[PDB]
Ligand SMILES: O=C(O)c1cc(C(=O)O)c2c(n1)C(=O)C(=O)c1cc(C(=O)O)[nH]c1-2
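A single chain comes next, written as structure tokens; it is the form deposited without the named molecule.
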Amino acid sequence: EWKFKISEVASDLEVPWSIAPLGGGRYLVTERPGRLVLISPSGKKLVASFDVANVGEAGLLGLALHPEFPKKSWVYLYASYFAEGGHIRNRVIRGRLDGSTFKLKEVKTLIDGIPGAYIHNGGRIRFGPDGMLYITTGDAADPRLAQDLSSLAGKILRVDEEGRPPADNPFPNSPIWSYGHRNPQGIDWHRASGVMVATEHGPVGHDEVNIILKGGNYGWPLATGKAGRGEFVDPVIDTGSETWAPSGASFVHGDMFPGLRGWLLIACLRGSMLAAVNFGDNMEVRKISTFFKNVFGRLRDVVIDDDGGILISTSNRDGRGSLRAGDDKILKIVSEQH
């Protein structure tokens, strides 16, 4: 039996979408309505507010710190906005975080005009082992766009710290890394192999975990789940008629849980649970385990803390859940001897 203790790191957040551990019990968190907050043992501090398109699944979403933070004080955000005509689009912006008096300055847009909608905005951003920023985007309720290489919808993007496509991106002067995605909201890299993984919401069922290759076509909307065709890269997990609704995903690492090292943790929304996936040698799926089914409600992000603790966000205030007292929360999972 897995043995642990769970505390509440923060409470009454409104749809905490993304969590970036700062170290020493400090955390940066986006709330989907349009606020970047600093969580400390001391308390809760508003860093920045944004005028976002806070409608359906759109709003203030992904958050990533520069690999060189706080030395390079750059913070990246993914946010929905109302464009010309009232249409929802998505952008990646960047500011500099003031080391004292935590406030955000010199905010600029890096990437603009990603398609958006009430549904399927993607929105998870994270730096990989290569130092590049990766960005997930959904099909914006327009599935054909996922196969279309001139469209930024239904993709995983890869840009530098400035939002530029590297010369070795798979397509000509294009931020696209992979394509054929429906609504990916979870990415991480295996800490030992550097193999990249992504989660995705499927059509009702057929939620996916994919191993992401450079230039790979993940099939949507021509294929869903394990299709067995040469032209499309199949998922390593396909939930079939079952709905997990996976979002954030992190590989376990650090001191706290040595038995979980190299397992993939996945926060599930409608599934209301923490899935754990054990990968063998050559990234084969050894085991899948399921935790906290319906005890916290909807879960959105999973990140590892500086010490190796498991941080999880609840998402019962997103229009789709039933509230517990003090929702939404950031929970920390530590070892029983902690």
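Note that residue numbering begins at 1 and tracks the sequence as displayed.
Omitted here: the form deposited with the named molecule bound. The next part is about that form.
For the chain shown alone, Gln185 is a contact residue for the named molecule in the deposited complex, at least one non-hydrogen atom being within 4.5 angstroms. Among heavy atoms of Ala245, some come within 4.5 Å of the named molecule in the deposited complex. In the deposited complex, at least one heavy atom of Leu269 sits within 4.5 Å of a heavy atom of the named molecule. The named molecule in the deposited complex is not approached by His181, whose heavy atoms all lie more than 4.5 angstroms from it. None of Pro175, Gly202, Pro115, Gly219 but one reaches within 4.5 angstroms of the named molecule in the deposited complex through a heavy atom, and that residue is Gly202. Between 22 to 30, 44 to 52, 273 to 281, 293 to 301, the stretch whose residues reach within 4.5 angstroms of the named molecule in the deposited complex through a non-hydrogen atom is 293 to 301.
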